[PDB]
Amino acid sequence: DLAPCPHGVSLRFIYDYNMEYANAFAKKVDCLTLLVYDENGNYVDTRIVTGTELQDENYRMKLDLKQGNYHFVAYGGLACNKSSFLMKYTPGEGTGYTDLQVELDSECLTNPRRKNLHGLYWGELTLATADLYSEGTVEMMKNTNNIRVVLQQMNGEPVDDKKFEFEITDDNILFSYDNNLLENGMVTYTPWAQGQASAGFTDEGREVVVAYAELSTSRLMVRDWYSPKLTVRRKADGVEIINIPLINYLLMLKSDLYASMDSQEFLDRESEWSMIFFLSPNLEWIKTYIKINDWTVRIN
């Protein structure tokens, strides 16, 4: 032979932090950024994977490393050209584990062709190396969300989407190294898709036509420094018919169906949201019952 035994790690990347409690990494993460830090948190290396090998569930990242204990950080949706977020380093400050920040590219808030955000995934792992590579799994979570807002008349008469403006105000486009949100100033999300949809027919054979808006946002978190808002405004008179604390309303679904689940876990595991608001003939919101993810929730 020539050399001593190969040494390092062999990493598996999974995304099972969803409501199905099942790995969807192969079908959801198309680009991977893997960062290597030493035991003290100092930068060592970066590995970027954008190929078809990510669709293989048997995929492992073999890393030849000097004997030691390492901390690995994985990002999904940062590497390919479709990406909505950027790695951010503070000029003058280091490149270590605790110096990394990820921010949304501000052009995604306004460019209609970029409003529907590319999935952002994150996970980390501390793992010591071994002869013939130690095995470790980087368990990842999804940071982006899709919220479909529906306006439906209680009597079944149509709702014209063009009569309304839909917004989500939040302060959630800057992430620290530990994937927590950093206060960076309020942003306004507007719909990437808006129109009308069918909700079936009335007993009089009349089609029920609803208004919808799809909004794509960054991480939904319970925190004491920001209360994200969902706002629905009538264009003609500027009246805000809906103005609610979005996170509180979603957690009314958790309290009903997933009472033992952690609030943050629920906000992270679920990434596909839908909310139906019922309107009176004057197009005012009937503040009694709504639908969250097809489940009827009492507000008061």
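Don't overthink the numbering: it's just position in the shown sequence, from 1.
- When the C-alpha B-factors of 37-45 and 267-275 are averaged, 37-45 comes out higher.
- Here 200-208 and 142-150 are compared by their mean Cα B-factor, and 200-208 comes out higher.
- Of the residues listed, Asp105, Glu165, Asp170, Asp160, the entry assigns the biggest Cα temperature factor to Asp105.
- Highest CA B-factor among the listed residues (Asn179, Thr137, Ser83, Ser218): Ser83.
- Sorting the modelled residues of the chain by their CA temperature factor places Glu240 in the middle third.
- When the CA B factors of the chain's modelled residues are split into thirds, the value for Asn111 lands in the highest one.
- The entry lists a Cα temperature factor for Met186 that places it in the middle third of the chain's modelled residues.
- Per-chain ranking of the deposited C-alpha B factor places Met19 in the middle third.
- Placement of the Cα temperature factor of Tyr89 within the chain: highest third of the modelled residues, per the deposited record.
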